[PDB]
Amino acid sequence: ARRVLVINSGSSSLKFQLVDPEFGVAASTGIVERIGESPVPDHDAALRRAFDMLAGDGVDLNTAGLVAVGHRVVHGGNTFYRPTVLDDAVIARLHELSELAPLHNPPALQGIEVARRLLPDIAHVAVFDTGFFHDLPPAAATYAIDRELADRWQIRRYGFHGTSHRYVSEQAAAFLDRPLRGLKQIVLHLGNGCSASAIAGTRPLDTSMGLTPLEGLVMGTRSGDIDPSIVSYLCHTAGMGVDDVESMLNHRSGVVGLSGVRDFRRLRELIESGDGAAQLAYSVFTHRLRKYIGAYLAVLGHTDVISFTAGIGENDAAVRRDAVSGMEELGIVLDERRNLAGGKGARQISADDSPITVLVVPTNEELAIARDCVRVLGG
């Protein structure tokens, strides 16, 4: 049995999972929190802690059939989109993408540096959350701005949750027992970040996040779509600095900005109790999601299936109901008994006669990344 250690190294936390890519078992998963704040002063201590956690649950990486370490990198820009076997020269070049993701890319590079030191005798592979969307059609990838400026600074719609969108698209095809290449679908990844994609066969045609993960759907703390004039308006009238505005949009916006609620699951009870702010937050969220579904129906022209995924998409029946209600004339008919029934694994929530199928399809990014690592290393 072979395993891949999949790592997500953040500024204050490091998430890991030791995954069997063949039969999909996680031997062990974990998170190291409060890095550099703490008993975990740096990422070196953090990875060592992860080793101790693995050991404590019975795993010896020396005996676990470890064949690769998979490193999650948020932003690969235009240059890194396939799973990439790491060496010193590639890692140097990865440093150049940091202006596209100044919060998230640097600590990933810290995780690579530490892991390559402590685990020098196995391959390390980077997987980029932008990668799936590298070959978006030019019509969807290109913003309508000054072309010379765009080219010089590599400005385009990059898109994120790429691993999840691709994985779920493949799993929806498997659920329907139809070749993926013949299917047109929409995937709704509704989690801490929220993004939508429109996918034809193996090729995405559009996706809701953009240059950065801020664009598109309303999210836990991110605004999604807003007039970019918000920045100059707030700078002029409120006297705010550009970085302050950007921080507000990324961290004090979305559901928390509108309602103060940090846990999406609390919204329902607050609404039921008559909290107007919670109702407004949920309505704004739902309205934006409805628009992206409609928009992507138009992009695709024909849509075979719509799938909900991630922490909210997989679990919140009200979200799913309110996202597609009143769209029977667009070919979407939900079966509320199925929508309400719960369950693990992929399942149909549309009525049997719905022209467009609607599914819940659980995502498993770590499994997908483990498989990517095995594939790029020889299979």
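Quick note: we count residues from 1 along the sequence shown, nothing fancier.
Participant: Might you work out how many residues are unmodelled in the deposited sequence between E37 and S38, and answer none, 1 to 3, 4 to 9, or 10 or more?
Facilitator: The entry has a short gap there, with 1 to 3 residues left out between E37 and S38.
Participant: Where do the C-alpha atoms have the higher mean temperature factor in this entry, in 217-225 or in 112-120?
Facilitator: Between 112-120 and 217-225, it is 112-120 that shows the higher mean C-alpha B-factor.
Participant: Could you settle it for me: does 295-303 or 254-262 have the higher average Cα B factor in the PDB entry?
Facilitator: The stretch with the larger mean CA B-factor is 254-262.
Participant: Pick out which of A139, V187, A238, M209 has the highest C-alpha B-factor in the PDB entry.
Facilitator: So the option with the highest C-alpha B-factor is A238.
Participant: Sort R157, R152, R181, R290 by C-alpha B-factor from the entry and give me just the highest.
Facilitator: Answer for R157, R152, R181, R290: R152, with the highest C-alpha B-factor.
Participant: Can you tell me which third, lowest, middle or highest, the CA B-factor of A277 falls into for its chain?
Facilitator: According to the entry, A277 has a C-alpha B-factor in the chain's middle third.
Participant: Classify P102 as lowest, middle or highest third according to the C-alpha B-factor given in the PDB entry, relative to its own chain.
Facilitator: Highest third.
Participant: State the tercile, meaning the lowest, middle or highest third, of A89 with respect to the CA B-factors recorded for its chain.
Facilitator: For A89, whose C-alpha B-factor we compare with every modelled residue in the chain, the answer is the highest third.
Participant: Could you say whether, by C-alpha temperature factor, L340 belongs to the lowest, middle or highest third of its chain?
Facilitator: Middle third.
Participant: Where does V69 sit by CA temperature factor within its chain: lowest, middle or highest third?
Facilitator: Tercile = middle for this residue's CA B-factor.
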